Every structure is written in C-alpha cells, then in structure tokens.
Asks: 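First the structure, which I've put down as structure tokens, then a few questions once you've had a look.
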Amino acid sequence: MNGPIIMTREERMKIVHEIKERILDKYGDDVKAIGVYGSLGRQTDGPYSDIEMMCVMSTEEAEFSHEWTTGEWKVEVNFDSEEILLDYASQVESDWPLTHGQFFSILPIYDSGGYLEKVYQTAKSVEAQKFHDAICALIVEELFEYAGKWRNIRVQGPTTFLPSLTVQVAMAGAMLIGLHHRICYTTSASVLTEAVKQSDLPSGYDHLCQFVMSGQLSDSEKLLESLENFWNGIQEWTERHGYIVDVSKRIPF
Amino acid sequence: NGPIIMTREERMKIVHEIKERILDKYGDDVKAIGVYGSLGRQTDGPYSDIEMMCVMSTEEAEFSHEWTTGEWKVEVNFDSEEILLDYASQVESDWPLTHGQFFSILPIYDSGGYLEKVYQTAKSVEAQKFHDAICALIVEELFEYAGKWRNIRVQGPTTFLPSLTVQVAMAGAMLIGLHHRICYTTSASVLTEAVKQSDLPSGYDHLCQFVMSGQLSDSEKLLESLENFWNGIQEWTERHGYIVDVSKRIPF
Ligand SMILES: NC[C@@H]1O[C@H](O[C@H]2[C@@H](O)[C@H](O[C@@H]3[C@@H](O)[C@H](N)C[C@H](N)[C@H]3O[C@H]3O[C@H](CN)[C@@H](O)[C@H](O)[C@H]3N)O[C@@H]2CO)[C@H](N)[C@@H](O)[C@@H]1O
Ligand SMILES: NC[C@@H]1O[C@H](O[C@H]2[C@@H](O)[C@H](O[C@@H]3[C@@H](O)[C@H](N)C[C@H](N)[C@H]3O[C@H]3O[C@H](CN)[C@@H](O)[C@H](O)[C@H]3N)O[C@@H]2CO)[C@H](N)[C@@H](O)[C@@H]1O
Ligand SMILES: Nc1ncnc2c1ncn2[C@@H]1O[C@H](COP(=O)(O)CP(=O)(O)OP(=O)(O)O)[C@@H](O)[C@H]1O
Ligand SMILES: Nc1ncnc2c1ncn2[C@@H]1O[C@H](COP(=O)(O)CP(=O)(O)OP(=O)(O)O)[C@@H](O)[C@H]1O
Ligand SMILES: [Mg+2]
Ligand SMILES: [Mg+2]
Ligand SMILES: [Mg+2]
Ligand SMILES: [Mg+2]
C-alpha cells in the first residue's frame with residue numbers, strides 16, 4: 001500500500017453509506033443507530049483524514065469493532081450495545097478530554113429511536129464529582145510519576161528520553177485542563193493548541209507547551225526548569241481549586 | 001514537594017511494610033506478592049516509584065491501590081490468578097512496554113510458585129499473537145499517523161508535528177519489540193534499546209535521532225524522515241511476512 005491517499009468529503013461519505021448498507025444487511029433489526037464521528041462527522045475532514053463510525057446494537061454483550069485498511073484509506077467501525085455505550089459515555093478517565101469528544105461529534109445517518117441523542121445527553125450530563133475524582137487521580141497516577149522520571153533524568157540520565165517525556169507531560173497537562181473545563185478536544189492535532197487557550201491555566205503550562213509545539217526540545221536544562229515550574233504551578237493550581245488528596249498515611253488501606 | 005530522593009534500602013522498608021499490611025487485611029486470599037519495575041530489577045534510581053503485584057485467590061479479583069505520601073508514590077495491583085495469567089499472555093500494541101513487568105518480578109511472598117507460573121506464561125506466548133499484534137499496529141496506529149502528518153504537510157498545523165513524531169518513533173519501537181519478542185527495560189530506554197536491535201525498518205534510526213536529541217523544530221526534515229520510515233515499513237513487513245489484508249473494501 002502507498003499509505004493514505006487524498007480523498008474528498010464526497011468520496012468518504014460514499015464509503016460511509018456503503019458501510020451503513022452492509023451493517024443494516026448483516027445485522028438487520030439488531031441495529032439501533034449508526035453515526036459518523038471524528039472529523040468526518042463534523043464535516044471538517046482533510047485530504048488524508050480517516051473514517052470512524054459507531055453503531056448501537058440491541059444485542060447484549062455486543063462490544064466489538066472492525067478496523068481495516070484497503071491500502072488507500074482506513075476505516076474503524078465500533079459496535080456497542082446501548083447499555084455498554086451509555087456506561088462508557090458516563091465514565092471519566094484521565095484521557096476523557098481526548099476520547100469523549102466522539103459523543104459531541106455524532107453525525108446520525110440511521111437512528112430508529114433517538115438512541116444517538118440519548119448517548120449525547122448522557123455524555124454531557126456527567127455529574128461534577130466524576131471530573132473531580134479523575135483530576136485527583138491524574139495528579140497521582142501520571143503527573144507525580146512523570147516528575148520522578150525527569151528528576152531521575154537530571155541526576156542519572158538519560159537525556160535522550162527527556163524530549164519524549166516532555167511531550168507526555170504537556171499532554172497530561174492538557175488532560176488536566178480538559179477535565180477541569182469539561183471540554184473535549186476536537187482532534188489530536190488541536191489538543192495542545194486548545195489546551196493553551198483555556199483560562200486559569202496552572203503556572204508554567206503555556207511556557208512548557210511552547211517548547212513542545214515549536215519542537216525546540218534540545219536544551220535539556222531549560223526543559224527541566226520548565227518542567228519544575230509547571231510542577232510548582234500544579235501544586236498551587238490544585239490547592240486553589242480544591243483538588244486535594246489526603247496524603248498523610250503511609251498505607252491508605 | 002514532589003518525589004524526594006530515597007535509597008533502595010528505604011524502598012525495601014516500604015515494600016515489606018506493605019506486604020505485612022496486605023497479609024493482615026486479606027489473609028489467606030493472598031497467594032503471592034512480588035515487586036516489579038525498576039525496584040524489582042534492583043536498578044531503581046533516586047526518584048523512582050514503587051510498584052508491587054499481588055496474586056489473589058478471590059475469583060474475579062481485579063483492583064489496585066495507588067497513592068502518594070507527598071514524598072514517594074506506590075502502586076499495588078491485585079489480580080486473581082486467572083485474570084493475571086490471561087493478561088500476561090495477551091499481546092497488545094504496547095506489549096514491549098508493559099509486559100517487562102513479568103520479567104522483572106522480585107518475589108516477596110509466594111505460597112505455591114504463583115509468580116513463577118506468571119513468568120512462564122508471559123515468556124511462552126504463542127508466536128502468532130505477535131504476528132497479529134504487528135499487523136494490527138500497522139493498521140490501527142502507523143497508518144493513522146501517516147494520514148495525520150500528511151494532513152500536516154498540506155494544511156498544518158506544524159505545532160503538532162513534534163508530538164506526532166515522538167508517537168511514531170514510539171510506535172516503531174513497539175513494532176521492533178513485537179518482532180523480536182523483547183520487552184524493553186524501562187520507558188526511558190525504549191528508543192535507545194530499539195535502535196540497538198538488528199533488522200530495523202529503513203529510516204527508523206534516522207527518525208529516532210530527531211526524537212532522542214530533541215531537534216524537532218525542522219518541520220520539513222521531519223516530514224521527509226517520516227515518509228522514509230513509512231516507506232521502509234512496507235519493505236520490512238514484506239520481508240518478515242507481516243502481510244496486511246487489503247483485499248476487502250468492507251471486511252464484514
Ligand atoms: N494488573 C494486571 C492487569 O493490569 C491491567 O492494567 C494495566 C494498565 O491499564 C495499567 O495502567 C495503569 C493505569 O490504568 C492507571 N490509571 C495508572 C497506573 N499508574 C498504570 O500503571 C501502569 O502504568 C505506569 C506507567 N504509566 C507504570 O509505572 C505501572 O507500573 C503500571 N502498572 O497497569 C496495568 C499493567 O501493569 C488491567 N487492570 C488488567 O488487565 C489486569 O489487572
Ligand atoms: N466504543 C465505546 C467504547 O470504546 C472503548 O475503546 C476506546 C479505545 O480503547 C479505543 O481505542 C482504539 C484502540 O483500542 C484500537 N486498538 C485502535 C483504534 N484506532 C482506537 O480507536 C480510537 O483511537 C484513535 C486514535 N488513536 C481514534 O482515531 C479513534 O476514533 C478512536 N475510536 O476507541 C475507543 C474510544 O474511541 C472500549 N472498546 C469500550 O469500552 C467501548 O467499546
Ligand atoms: N487518542 C484518541 N483516542 C480516542 N479518541 C480520540 C483520540 N484522539 C481524538 N479522538 C476522538 O476520536 C475522534 C477522531 O479521532 P482521530 O481520527 O484520531 C482525529 P479526527 O478528529 O478524526 O481528525 P483527522 O482524522 O482528520 O485528523 C476525534 O474527533 C476525537 O473526537
Ligand atoms: N504504560 C505502561 N503500562 C503498564 N506497564 C508499564 C507501562 N510502562 C512501563 N510499564 C511497566 O511497568 C514497569 C514499571 O513502569 P514505570 O514505573 O513507569 C518505569 P520503571 O521501569 O519502574 O523505572 P523507574 O520507575 O525508576 O523510572 C516497567 O518496568 C514496565 O515493566
Ligand atoms: Mg479521524
Ligand atoms: Mg482515527
Ligand atoms: Mg518504577
Ligand atoms: Mg511506575
């Protein structure tokens with residue numbers, strides 16, 4: 001295969017409706033709804049964009065996907081029962097701002113009973129405690145661990161890992177901001193650009209992203225200084241907004 | 001103040017305190033306790049964290065405790081024997097990054113060779129699972145990455161190119177690790193160990209130099225390096241028989 005080729009929006013929609021016809025032929029009355037998400041669902045797909053579709057099934061324990069390429073383009077179709085999809089849409093993980101824009105993206109092509117609207121309503125009505133818990137977990141599970149990794153790099157290397165680690169920290173900060181503002185990023189390319197347009201950023205985040213977005217990640221000393229400043233801004237930011245975790249016990253169970 | 005400097009001896013004081021707490025709370029439901037990660041290999045650095053794994057007799061047991069004291073951080077995983085053995089034999093795209101855990105285990109408590117059984121399962125995974133994982137990685141990740149950087153070339157934004165290049169270099173390291181059935185030591189050594197492997201895809205080493213040095217500001221040279229690597233993938237997969245099915249427009 002020659003990799004992804006240039007395709008028009010008209011050609012991608014022709015593939016979508018061919019897939020819709022095959023889905024309806026194969027699964028029949030078990031198909032509750034079919035939608036397009038991603039850049040094609042918003043009709044902002046570029047020349048090399050891929051195709052992603054979702055399907056709501058009546059069958060229980062239905063949870064499978066077909067993801068393939070023809071050599072020229074690539075398609076991903078997810079099949080989930082209504083209960084599995086609604087449960088997934090109301091769970092807030094650390095990468096929620098990156099995954100759950102799909103449920104604010106849906107272009108319905110087939111819907112037998114407002115199922116896609118019910119999915120959208122569920123995803124947008126998640127109670128605030130779930131975001132609070134996810135933010136506190138993100139600090140412990142990812143950010144604290146990253147700080148140990150770059151502090152280890154400072155004292156024992158290797159600096160060849162620092163550029164990759166810096167990108168990962170900037171992405172983790174984008175998740176932190178996305179959970180706080182309850183915004184889902186449009187595409188992977190817009191994660192950092194949209195994260196730095198949000199108000200009330202932790203101190204040092206925008207400066208750190210400037211290194212990552214510009215690609216100037218060769219000055220290891222300035223990166224470590226930028227990472228520590230971001231880490232300091234995190235601790236001030238979390239206390240100011242009340243994302244406080246009790247850390248007083250050596251063993252909390 | 002973030003993670004503080006700690007010695008290996010101090011980390012082993014914490015490991016054995018947690019072991020006693022696990023045995024007191026869960027009692028006879030504990031089959032085995034081990035340390036993995038850098039502490040399990042006894043190569044932990046001054047700021048390294050602590051990760052432990054526990055084998056439980058309780059059916060469907062699958063939970064974790066992950067916390068910080070403000071000075072250090074600990075993660076303890078609790079899994080039933082069946083859940084752990086199934087996970088140890090399952091090969092995902094990030095297998096070379098995740099499953100070194102099962103080649104790291106420092107046993108602390110074991111009532112019946114359970115940690116050794118997990119180790120045997122992880123090292124005896126069927127070769128076909130790596131073949132399938134490689135083909136899936138190409139379709140699900142690398143092909144998607146190629147579309148993203150080709151979109152960047154024609155419409156931007158180049159502000160995503162440095163992060164995307166890091167992700168492609170990491171994916172290529174997973175590809176090499178899956179082919180050689182090797183698990184990387186730590187996340188910091190993934191790229192350095194990946195370029196020391198024999199039979200790399202053409203263009204991979206050149207792409208990794210940009211990522212390891214941090215020189216990711218030349219968007220034109222990065223896009224050229226990415227295309228060469230992408231071209232080298234097709235020669236590489238054909239050479240090893242990692243053939244991707246492209247015959248169906250709709251494969252269901
Ligand atoms: N434990 C055995 C198996 O683990 C799986 O989860 C795997 C994976 O999702 C999970 O990843 C978890 C995350 O989720 C969680 N939100 C934060 C946590 N730090 C992270 O932990 C993992 O990633 C860290 C680096 N970022 C590593 O330092 C750490 O040692 C590693 N356990 O760790 C597990 C592998 O170690 C499944 N739970 C289940 O199939 C089974 O229980
Ligand atoms: N479908 C609803 C839910 O999706 C979950 O999976 C989520 C996630 O793991 C999964 O990620 C899958 C991977 O796995 C698979 N190995 C490659 C595939 N490209 C990727 O797809 C996802 O990541 C891509 C970006 N790299 C996106 O382009 C794509 O739109 C997105 N669906 O996509 C889902 C979120 O979009 C669970 N399967 C299940 O809880 C339930 O089915
Ligand atoms: N790593 C990720 N994992 C899961 N979903 C993601 C994701 N990154 C982005 N998304 C969500 O899944 C949708 C499609 O993801 P992608 O195909 O990776 C980029 P896109 O938004 O479709 O534009 P593009 O493919 O033309 O570049 C996004 O619109 C977004 O809602
Ligand atoms: N994303 C990931 N998911 C699951 N396991 C991972 C993982 N990344 C690395 N690992 C596994 O979990 C172990 C511990 O991971 P980490 O704590 O993140 C780095 P380490 O190997 O312990 O050295 P360090 O903590 O001193 O930096 C790794 O050795 C590896 O076996
Ligand atoms: Mg897309
Ligand atoms: Mg996609
Ligand atoms: Mg560790
Ligand atoms: Mg760890």
Side-chain angles (χ1 to χ4, degrees), chain A residues 4 12 36-42 44-46 48-53 73-76 93-95 101-102 105 134 137-153 156 158 161 165 168 172 186-189, chain B residues 3 6 8 11 35-56 60-68 72-90 92-105 118 122 144 147-148 151 170 174 183-190:
Chain A
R12 276 188 278 267
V36 186
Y37 67 101
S39 71
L40 185 55
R42 311 179 296 266
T44 63
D45 43 299
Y48 298 95
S49 301
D50 64 335
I51 304 166
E52 38 239 317
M53 307 169 53
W73 68 83
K74 148 190 196 330
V75 189
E76 169 179 355
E93 313 283 342
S94 65
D95 60 348
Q102 147 186 11
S105 269
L138 181 53
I139 302 293
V140 183
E141 306 179 1
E142 278 196 68
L143 288 170
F144 189 102
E145 196 155 339
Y146 286 146
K149 282 180 164 59
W150 79 60
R151 285 176 179 181
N152 262 337
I153 284 175
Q156 66 173 26
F161 183 48
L165 181 54
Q168 299 178 4
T186 298
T187 70
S188 59
Chain B
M6 288 194 25
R8 181 138 58 237
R11 276 184 275 265
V35 187
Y36 67 100
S38 72
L39 184 56
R41 311 182 295 269
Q42 305 275 271
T43 66
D44 42 301
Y47 296 98
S48 301
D49 64 334
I50 300 166
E51 37 248 322
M52 302 169 50
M53 74 199 274
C54 301
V55 184
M56 307 292 282
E60 307 294 330
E62 196 196 322
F63 61 98
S64 290
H65 285 303
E66 189 163 0
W67 74 96
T68 184
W72 68 87
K73 145 188 193 63
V74 189
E75 167 178 351
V76 189
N77 314 126
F78 302 80
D79 295 286
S80 79
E81 179 181 11
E82 179 181 4
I83 290 170
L84 193 54
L85 290 176
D86 282 351
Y87 174 77
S89 57
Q90 267 271 289
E92 311 283 342
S93 295
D94 60 353
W95 179 90
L97 182 62
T98 61
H99 276 49
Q101 148 184 9
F102 308 113
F103 309 91
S104 282
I105 303 171
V118 169
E144 196 168 320
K148 287 176 170 178
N151 265 340
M170 286 300 303
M174 302 298 104
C183 287
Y184 295 107
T185 297
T186 197
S187 60
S189 72
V190 169

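By convention in this document, chain letters (A, B, ...) are assigned in the order of the sequence lines, proteins followed by strands, and residues within each chain are numbered from 1. Whatever order the structure lists ligands and atoms in, that order sets their numbers, starting from 1.
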Asks: Is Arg8(B) salt-bridged to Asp44(B), going by a charged N under 4.0 Å from an acidic O?
Replies: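 Yes, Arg8(B) and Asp44(B) are salt-bridged.
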
Asks: CG/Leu84(B) to CD/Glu62(B) distance, rounded to the nearest 0.5 angstrom?
Replies: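 Going from CG on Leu84(B) over to CD on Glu62(B), the span is 10.0 Å.
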
Asks: In terms of relative ring orientation, are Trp95(B) and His99(B) parallel, tilted or perpendicular, with 30° and 60° separating the classes?
Replies: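 Taking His99(B) first and then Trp95(B), their aromatic rings sit tilted (interplane angle of 30° to 60°).
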
Asks: Using every non-hydrogen atom in the two residues, find where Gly45(B) and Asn152(A) come nearest and quote the distance to one decimal.
Replies: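 For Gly45(B) versus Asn152(A), the nearest heavy atoms are C-OD1, 3.6 Å.
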
Asks: Show me a pair-per-line table, with atom names and distances to 0.1 Å, of protein N or O atoms that are under 3.5 Å from an N or O of ligand 1.
Replies:
unit_1, atom_1, unit_2, atom_2, d
ligand 1, 1 (N), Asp79(B), OD2, 2.8
ligand 1, 16 (N), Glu141(A), OE1, 2.7
ligand 1, 19 (N), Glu66(B), OE1, 3.4
ligand 1, 19 (N), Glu66(B), OE2, 2.8
ligand 1, 19 (N), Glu75(B), OE1, 3.1
ligand 1, 21 (O), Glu75(B), OE1, 3.2
ligand 1, 21 (O), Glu75(B), OE2, 3.0
ligand 1, 28 (O), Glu145(A), OE2, 2.7
ligand 1, 28 (O), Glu51(B), OE1, 3.2
ligand 1, 30 (O), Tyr36(B), OH, 3.4
ligand 1, 30 (O), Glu51(B), OE1, 2.7
ligand 1, 32 (N), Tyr36(B), OH, 2.8
ligand 1, 32 (N), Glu75(B), OE2, 2.7
ligand 1, 36 (O), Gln101(B), OE1, 3.2
ligand 1, 42 (O), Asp79(B), OD1, 2.5
ligand 1, 42 (O), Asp79(B), OD2, 3.3

Asks: Using 0.5 Å steps for rounding, measure from the OG1 atom of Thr98(B) to the OH atom of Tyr87(B).
Replies: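 The distance works out to 4.0 Å.
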
Asks: How far apart are the C-alpha atoms of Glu142(A) and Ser94(A), what are their side-chain angles, what is the distance that settles it, and do they pass the side-chain contact (heavy atoms from CB on, under 4.5 Å) test?
Replies: CA-CA 9 Å; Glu142(A) 278 196 68; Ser94(A) 65; 3.5 Å; yes

Asks: Hey, mind stepping through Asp50(A) and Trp73(A) against side-chain contact (heavy atoms from CB on, under 4.5 Å) and telling me if it holds?
Replies: CA-CA 7 Å; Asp50(A) 64 335; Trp73(A) 68 83; over 6 Å; no

Asks: What verdict does the side-chain contact (heavy atoms from CB on, under 4.5 Å) test give for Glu141(A) and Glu145(A), after you've listed the backbone C-alpha separation in whole Å, the side-chain angles of each residue and the deciding distance to 0.1 Å?
Replies: CA-CA 7 Å; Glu141(A) 306 179 1; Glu145(A) 196 155 339; over 6 Å; no

Asks: Between atom CD of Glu51(B) and atom OG of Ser38(B), what is the distance when rounded to the nearest 0.5 Å?
Replies: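 Between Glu51(B) CD and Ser38(B) OG, I get 6.5 Å after rounding to 0.5 Å.
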
Asks: Regarding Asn77(B) and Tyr36(B), do their side chains bring together a donor and an acceptor under 3.5 Å, going by distance alone?
Replies: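 Yes.
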
Asks: Does this structure show an ion pair linking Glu66(B) with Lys73(B), if we count only N-O contacts that are shorter than 4.0 Å?
Replies: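 Yes, this pair counts.
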
Asks: Let me see the working for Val118(B) and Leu85(B) under side-chain contact (heavy atoms from CB on, under 4.5 Å), right down to the final yes or no.
Replies: CA-CA 6 Å; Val118(B) 169; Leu85(B) 290 176; 3.8 Å; yes

Asks: Which protein residues have a heavy atom under 4.0 Å from ligand 4?
Replies: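 Correct list: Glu145(A), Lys149(A), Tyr36(B), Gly37(B), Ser38(B), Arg41(B), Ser48(B), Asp49(B), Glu51(B), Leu97(B), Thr98(B), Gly100(B), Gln101(B), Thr185(B), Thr186(B).
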
Asks: Not counting sequence neighbours, which residues clear side chain to side chain donor-acceptor pair (under 3.5 Å) with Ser105(A)? List them please.
Replies: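 In terms of side chain to side chain donor-acceptor pair (under 3.5 Å), with neighbours along the sequence ignored, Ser105(A) is linked to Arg42(A).
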
Asks: The Mg ion (ligand 5): which protein N, O or S atoms are under 2.8 Å away?
Replies: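 N, O, S partners closer than 2.8 Å: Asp50(A) OD1, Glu52(A) OE2.
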
